[PDB]
């Protein structure tokens, strides 16, 4: 998966996440056409309770049917302030997308990070199953980990999560200023 964000001088914003699912999709290409086929079918629940490539589970709601669109976690998002564009944000990462995107938004809104700071800041992840609190290398110091373990989290350090490309727009006396961040992580 990959996410891209665009904002222009007229006040349009476009936030696109698109994918062939896994890295290089199904790994099979169309002969004569030169392009890789998605493996998006794995985003369905293929058997109730069976975990897919992201450890995601399902039953009836996300069962396969002809013409049905498989459930996604993609979260291209626009945040508005006073009806003006404020953030354009999204990320790849399967099940980790939802939590990546929310942390970037919370970092700006709750913690007053600029967009570069918001994107670079270490990320955690909880997806219910598996029952673990996933963190990043160097992202949580001992004191915090010890307090969270005491509450009963099982903390695991895993590869970095996401690849956020985000824009922040701020009003100026004349027009706007656009600030951008790419993500120092490059998951995919």
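Numbering follows the first chain given and starts at 1.
Averaged over Cα atoms, the B-factor as recorded in the entry is higher for 47 to 55 than for the other of 47 to 55 and 141 to 149. Remark: residue 159 belongs to the highest third of its chain, ranked by C-alpha B-factor as recorded. When the modelled residues of the chain are ordered by their C-alpha B factor, residue 90 lands in the middle third.
The deposited CA B-factor of residue 112 belongs to the middle third of values across its chain. For residue 126, the recorded CA temperature factor ranks within the lowest third of the chain's modelled residues. Split the chain's modelled residues into thirds by C-alpha temperature factor. Residue 61 is in the middle one.
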